[PDB]
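Colleague: The following block contains the structure, expressed as structure tokens.
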Amino acid sequence: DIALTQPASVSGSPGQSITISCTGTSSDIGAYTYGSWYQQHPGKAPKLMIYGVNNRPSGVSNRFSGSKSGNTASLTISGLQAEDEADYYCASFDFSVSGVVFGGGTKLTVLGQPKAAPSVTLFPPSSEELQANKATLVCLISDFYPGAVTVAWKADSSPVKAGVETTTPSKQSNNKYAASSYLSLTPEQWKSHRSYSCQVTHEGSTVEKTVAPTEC
Amino acid sequence: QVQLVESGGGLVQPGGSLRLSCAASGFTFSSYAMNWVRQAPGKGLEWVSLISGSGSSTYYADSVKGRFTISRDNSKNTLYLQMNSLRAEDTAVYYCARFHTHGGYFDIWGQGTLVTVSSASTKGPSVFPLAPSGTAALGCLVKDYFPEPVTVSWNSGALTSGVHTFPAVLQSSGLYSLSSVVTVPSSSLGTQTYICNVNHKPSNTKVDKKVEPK
Amino acid sequence: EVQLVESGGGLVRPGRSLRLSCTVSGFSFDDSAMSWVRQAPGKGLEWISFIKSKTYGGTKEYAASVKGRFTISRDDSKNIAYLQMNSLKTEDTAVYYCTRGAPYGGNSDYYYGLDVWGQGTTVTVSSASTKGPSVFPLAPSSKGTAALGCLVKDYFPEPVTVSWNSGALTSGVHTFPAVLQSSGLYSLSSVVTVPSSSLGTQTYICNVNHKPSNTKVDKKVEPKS
Amino acid sequence: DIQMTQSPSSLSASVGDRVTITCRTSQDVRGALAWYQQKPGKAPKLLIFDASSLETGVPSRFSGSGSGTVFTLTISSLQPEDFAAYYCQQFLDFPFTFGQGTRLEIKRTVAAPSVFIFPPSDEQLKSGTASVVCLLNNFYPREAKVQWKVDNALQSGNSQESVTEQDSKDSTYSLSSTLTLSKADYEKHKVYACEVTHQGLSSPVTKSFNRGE
């Protein structure tokens, strides 16, 4: 038998080395284990970081080093950059049972980022959608960090909660977080209030984008 | 360059087959072992299958041991994984991987193909233009898409900058929603070519919508 | 436990044939791959040949330097390995090591190294017969620390034993490495450092023992008049 | 075929230094290198079996690293039992060639050599071959140039050199230069000189003997 364990999440800084430990467990482990470390950017194919204990693949930066201490293996990243935002996985290959087992993965989060206010875009119900009899009010939040921004929909200057859907923050390629909010309204409801607004709370701040039923 | 491509995927009613094929070029396909790696949406990676270079050495994982069958064709230079009795839990991205000669590590990974199982039927995207109401943002909203993914190409694919692709939205009703925004010059709004194309592979719906200033 | 002992070797003549045997104990012969490695005297390590297990095609292969003149075979049920050399060249004098190749996992065709090494056996190719060492004295004529020396010329095969004061003087005794002269024999130098006052006090006695020819040469080093 | 280059050929270190040896392969081997250790007279043993992994019979002070072309062996705290010859071997494809070989030797205070000239023996005078012996005692480092001068003219192509291993007491090396001349060649000379060039010597040390003194 063989099983792996990885830390929940590790955090460093944009100029410092950090270590992530894959801990292996087995019973009477006289078996031959080959260890590899893989990098995964959000929504992209995993890439081979380390094989063996300290072998780096060609075309991979020399900032990634590996070590084996007893059973536990370790990835050390020095010269940490914002480009190393990813998840890291450890894979153990057992030659006898000839099986490779992965771990839970670690989220390598850096702290060297600035707090940027979100950009909020509000879209009036579409003309085709308006003919469709269901109004979908679109609110897009772009370029925010750290990524936890709540959305409040206001109709007629009062809070509204029915039909509001918020997508979880997603890491944009440009080193920013973005999210979408959709408000579903009846076609008669859309021509009911004077003006509806989106109030976004990114970090303390509140950004208000207004759109009225007078789109015309 | 050495390339691994995955084909075969989409929506499968629980119990279907969905034979996946990964085609590989650039390396001698005969001498290298090939693995399949499955990633559930939002969870970690895990291993499914391994085929040796000569064949007849097939190793599956524990979760699937009488359901997935794996065949490499060196003559056609590809490798196929076949599922049977696919439970609702096995919805994931499937990655094709190569084992190096001195085995243990996945040298090259395929792009990935999406396998989703759900009793819901394929619903073609409904495309609506969110028209632009120095640079202004306008775009398209796709409602009622199931399952992912939908390609939203602005300007017939020519447009490449100023286009933000919003992440997919998991609606409560069971369908999806997606949005694509494009930042075009305020003075260029009256002359730009603003036509969007939505390709929904799961239902094979290729729609060309036109968004105009309002 | 895991033991490899090589047998054979000795002196042979150029152009003839010779056959080295390797005996193993502890690990199974059938699924363990084997290799033959050669060390020239004083030069680096050189890889000669590789035999794979019976279950991985049983192919035999060699380095390009010895291909066409070397054959490596393995015998099952005896747990031994044969290496055969035909048309030996003068250069091929060396220590031969028998090694076991380690497959990447428990089993596989691909190997990462050679784990267990036998003590190695020596193979010398030459033309000269057993010629007992000729001992010549190098007397200290300097003038402090003075050097008294014995030069052993035309010895074969190596090695010879040099003793100072019948084994008494083990301090300051330097035995130079054996040098292969172009004449085919061997040359060795023994040097001893003695005080200038001690140069004319005691008697420098050098004992040269040559086992191959059974030569016991007693050289009395004295200052040269 | 894979060509293997070993750098540097000679390593000088004391106990406690961190020593790095680099094996460079023209082809991209990618994790099929093995580092072997050989004590001067005994059989070698396998130190690093992957480009980075350790065998069981190996102390933890040996570390490996590697990427394609370049593989490195690192010793952090040099215990005295590691002074030996280190070789690399590739394993991607046959032949499994061996590297040139790197040597580790004690670093001590630079000590100049003592040069002694032993003239031809009377016994060997009638033997037929006259030997001139040049002895270099207590030298450091290893590099040393020994030149033979006959009648004030330099000679070459008739010299043999023997180098002893590192001394286990003084940490020095001794060099033996043998010049072999025929009876006619021995008679035809007037003065025989050995010229020693080394870092320790201020100037080339000339030990001369009159051929007939």
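Residues in the structure tokens are named by chain (A, B, ... in the order shown) and by number from 1 within that chain; ligands are numbered from 1 in the order shown.
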Can you list, as a list in words, every residue of region 52-105 of chain C that DSSP puts in strand (DSSP E or B)?
Modeller: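 DSSP on the backbone gives strand (DSSP E or B) at residues 60, 61, 62, 70, 71, 72, 73, 74, 75, 80, 81, 82, 83, 84, 85, 94, 95, 96, 97, 98, 99, 100, 101, 102 and 103 of chain C.
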Colleague: Kindly determine which residues of chain A lie within 6 Å of chain D, considering only C-alpha atoms, and give the answer as a ChimeraX atom specification.
Modeller: /A:53-58
Colleague: Give me, as an mmCIF file with N, CA and C atoms, in the first residue's frame, the residues of region 9-196 of chain A that a backbone DSSP run labels alpha helix (DSSP H).
Modeller:
data_model
loop_
_atom_site.group_PDB
_atom_site.id
_atom_site.type_symbol
_atom_site.label_atom_id
_atom_site.label_comp_id
_atom_site.auth_asym_id
_atom_site.auth_seq_id
_atom_site.Cartn_x
_atom_site.Cartn_y
_atom_site.Cartn_z
ATOM 1 N N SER A 127 -31.969 43.780 -26.254
ATOM 2 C CA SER A 127 -33.177 43.937 -27.057
ATOM 3 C C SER A 127 -33.748 42.583 -27.466
ATOM 4 N N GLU A 128 -32.884 41.660 -27.892
ATOM 5 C CA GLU A 128 -33.342 40.307 -28.180
ATOM 6 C C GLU A 128 -33.871 39.636 -26.919
ATOM 7 N N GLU A 129 -33.162 39.797 -25.802
ATOM 8 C CA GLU A 129 -33.657 39.278 -24.533
ATOM 9 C C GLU A 129 -34.942 39.981 -24.117
ATOM 10 N N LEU A 130 -35.028 41.293 -24.358
ATOM 11 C CA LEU A 130 -36.247 42.026 -24.030
ATOM 12 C C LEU A 130 -37.437 41.468 -24.798
ATOM 13 N N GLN A 131 -37.239 41.140 -26.075
ATOM 14 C CA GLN A 131 -38.276 40.436 -26.822
ATOM 15 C C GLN A 131 -38.535 39.054 -26.231
ATOM 16 N N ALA A 132 -37.489 38.408 -25.713
ATOM 17 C CA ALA A 132 -37.620 37.077 -25.133
ATOM 18 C C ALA A 132 -38.482 37.051 -23.877
ATOM 19 N N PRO A 187 -39.796 40.249 -17.651
ATOM 20 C CA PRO A 187 -39.824 41.390 -18.581
ATOM 21 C C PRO A 187 -40.667 42.545 -18.083
ATOM 22 N N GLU A 188 -41.780 42.253 -17.409
ATOM 23 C CA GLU A 188 -42.560 43.311 -16.781
ATOM 24 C C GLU A 188 -41.816 43.910 -15.596
ATOM 25 N N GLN A 189 -41.066 43.085 -14.863
ATOM 26 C CA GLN A 189 -40.298 43.595 -13.732
ATOM 27 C C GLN A 189 -39.241 44.588 -14.190
ATOM 28 N N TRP A 190 -38.594 44.310 -15.327
ATOM 29 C CA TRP A 190 -37.548 45.195 -15.833
ATOM 30 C C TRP A 190 -38.095 46.587 -16.117
#
Colleague: If I take CA of residue 222 (chain C) and CA of residue 201 (chain C), how far is one from the other in Å, to one decimal?
Modeller: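 Interatomic distance here is 10.6 Å.
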Colleague: With a distance cut-off of 6 Å and only C-alpha atoms, select the neighbouring residues of residue 149 (chain C), excluding the residue or stretch itself and same-chain residues fewer than 3 positions from it, and output the selection as a ChimeraX atom specification.
Modeller: /C:138,190-191
Colleague: Save out the residues we just selected, N, CA and C atoms, as a PDB file, in the first residue's frame.
Modeller:
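Final output, again-v9.pdb:
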ATOM      1  N   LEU C 138      71.427   3.680  -5.998  1.00  0.00           N
ATOM      2  CA  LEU C 138      71.577   5.124  -6.155  1.00  0.00           C
ATOM      3  C   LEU C 138      72.021   5.641  -4.790  1.00  0.00           C
ATOM      4  N   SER C 190      62.764   2.817  -5.284  1.00  0.00           N
ATOM      5  CA  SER C 190      62.558   2.936  -3.848  1.00  0.00           C
ATOM      6  C   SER C 190      63.529   3.979  -3.321  1.00  0.00           C
ATOM      7  N   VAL C 191      63.009   4.964  -2.595  1.00  0.00           N
ATOM      8  CA  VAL C 191      63.803   6.074  -2.082  1.00  0.00           C
ATOM      9  C   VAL C 191      63.605   6.163  -0.575  1.00  0.00           C
TER      10      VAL C 191
END
Colleague: For region 198-208 of chain B, please output as an mmCIF file with N, CA and C atoms, in the first residue's frame all residues within 6 Å (counting only C-alpha atoms; exclusion window: fewer than 3 positions along the same chain).
Modeller:
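And here is the file that came out, part_39.cif:
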data_model
loop_
_atom_site.group_PDB
_atom_site.id
_atom_site.type_symbol
_atom_site.label_atom_id
_atom_site.label_comp_id
_atom_site.auth_asym_id
_atom_site.auth_seq_id
_atom_site.Cartn_x
_atom_site.Cartn_y
_atom_site.Cartn_z
ATOM 1 N N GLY B 10 -17.758 14.952 -24.256
ATOM 2 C CA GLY B 10 -19.080 15.537 -24.285
ATOM 3 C C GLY B 10 -20.022 14.952 -23.258
ATOM 4 N N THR B 122 -28.639 18.183 -24.048
ATOM 5 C CA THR B 122 -27.866 19.300 -24.568
ATOM 6 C C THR B 122 -28.806 20.432 -24.959
ATOM 7 N N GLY B 124 -28.685 24.099 -26.732
ATOM 8 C CA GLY B 124 -27.891 25.023 -27.504
ATOM 9 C C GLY B 124 -27.891 26.409 -26.900
ATOM 10 N N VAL B 150 -18.040 26.519 -24.394
ATOM 11 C CA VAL B 150 -18.526 27.246 -25.559
ATOM 12 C C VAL B 150 -17.452 28.242 -25.970
ATOM 13 N N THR B 151 -17.088 28.224 -27.246
ATOM 14 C CA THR B 151 -16.096 29.148 -27.778
ATOM 15 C C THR B 151 -16.813 30.409 -28.246
ATOM 16 N N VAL B 152 -16.384 31.557 -27.738
ATOM 17 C CA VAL B 152 -16.955 32.849 -28.106
ATOM 18 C C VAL B 152 -15.837 33.641 -28.770
#
Colleague: Kindly determine which residues of chain D lie within 7 Å of chain C, considering only C-alpha atoms, and give the answer as an MDAnalysis selection string.
Modeller: chainID D and resid 32 34 43:46 49:50 91 95:98 100:101 118 121 123:124 162:164 176
Colleague: May I have the residues from that selection written out with N, CA and C atoms, as a tab-separated table (two decimals), in the first residue's frame?
Modeller:
chain	number	residue	atom	x	y	z
D	32	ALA	N	19.36	9.71	-16.54
D	32	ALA	CA	19.96	8.39	-16.68
D	32	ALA	C	21.47	8.49	-16.47
D	34	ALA	N	24.62	8.07	-13.49
D	34	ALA	CA	24.98	7.43	-12.24
D	34	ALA	C	26.39	7.86	-11.87
D	43	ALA	N	37.57	-1.64	-5.44
D	43	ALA	CA	36.47	-1.68	-6.40
D	43	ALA	C	35.57	-0.45	-6.23
D	44	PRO	N	35.00	0.04	-7.33
D	44	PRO	CA	34.06	1.16	-7.23
D	44	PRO	C	32.72	0.73	-6.67
D	45	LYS	N	31.95	1.72	-6.23
D	45	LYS	CA	30.60	1.50	-5.75
D	45	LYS	C	29.71	2.62	-6.26
D	46	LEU	N	28.42	2.33	-6.35
D	46	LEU	CA	27.45	3.25	-6.94
D	46	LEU	C	26.96	4.24	-5.90
D	49	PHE	N	22.38	6.95	-8.03
D	49	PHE	CA	21.92	6.01	-9.05
D	49	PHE	C	21.03	6.66	-10.10
D	50	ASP	N	20.22	7.63	-9.71
D	50	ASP	CA	19.63	8.52	-10.69
D	50	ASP	C	20.57	9.71	-10.83
D	91	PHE	N	23.05	6.40	-19.10
D	91	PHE	CA	22.24	5.19	-19.22
D	91	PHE	C	21.04	5.34	-20.15
D	95	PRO	N	26.13	2.74	-26.15
D	95	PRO	CA	26.94	2.20	-25.05
D	95	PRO	C	26.83	3.01	-23.77
D	96	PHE	N	27.01	2.36	-22.62
D	96	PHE	CA	27.00	3.03	-21.32
D	96	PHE	C	28.42	3.51	-21.04
D	97	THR	N	28.78	4.63	-21.66
D	97	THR	CA	30.14	5.12	-21.55
D	97	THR	C	30.40	5.71	-20.16
D	98	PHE	N	31.67	5.70	-19.77
D	98	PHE	CA	32.12	6.24	-18.50
D	98	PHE	C	32.83	7.56	-18.73
D	100	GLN	N	35.54	10.76	-17.92
D	100	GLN	CA	36.99	10.78	-17.81
D	100	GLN	C	37.45	10.52	-16.38
D	101	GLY	N	36.82	11.17	-15.41
D	101	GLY	CA	37.24	10.88	-14.04
D	101	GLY	C	37.74	12.12	-13.32
D	118	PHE	N	70.54	11.30	-8.86
D	118	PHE	CA	71.31	10.08	-8.67
D	118	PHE	C	71.96	9.71	-9.99
D	121	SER	N	74.67	4.06	-12.09
D	121	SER	CA	75.32	3.12	-11.20
D	121	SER	C	76.55	2.51	-11.86
D	123	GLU	N	77.49	-0.57	-11.27
D	123	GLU	CA	77.07	-1.91	-11.67
D	123	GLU	C	76.34	-1.89	-13.00
D	124	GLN	N	75.42	-0.94	-13.18
D	124	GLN	CA	74.71	-0.81	-14.44
D	124	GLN	C	75.56	-0.20	-15.54
D	162	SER	N	57.06	8.78	-12.66
D	162	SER	CA	56.27	8.03	-11.69
D	162	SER	C	55.83	8.97	-10.58
D	163	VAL	N	54.54	8.95	-10.25
D	163	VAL	CA	53.96	9.85	-9.26
D	163	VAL	C	53.33	9.01	-8.16
D	164	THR	N	53.73	9.27	-6.92
D	164	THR	CA	53.16	8.56	-5.78
D	164	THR	C	51.83	9.17	-5.38
D	176	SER	N	59.35	10.70	-9.55
D	176	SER	CA	60.56	10.01	-10.00
D	176	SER	C	60.66	10.17	-11.50
Colleague: Distance CA of residue 207 (chain C)-CA of residue 155 (chain C), one decimal place?
Modeller: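 CA of residue 207 (chain C) sits 14.8 Å away from CA of residue 155 (chain C).
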Colleague: If the cut-off is 8 Å, can you tell me the residues of chain A near chain B, counting only C-alpha atoms? I'd like them as a PyMOL selection string.
Modeller: chain A and resi 34-36+44-48+51+89+92-93+98-105+123-129+140+165-167+170+178-180
Colleague: Up to 9 Å from chain A, what residues of chain C turn up? Count only C-alpha atoms and give them as a ChimeraX atom specification.
Modeller: /C:104-107
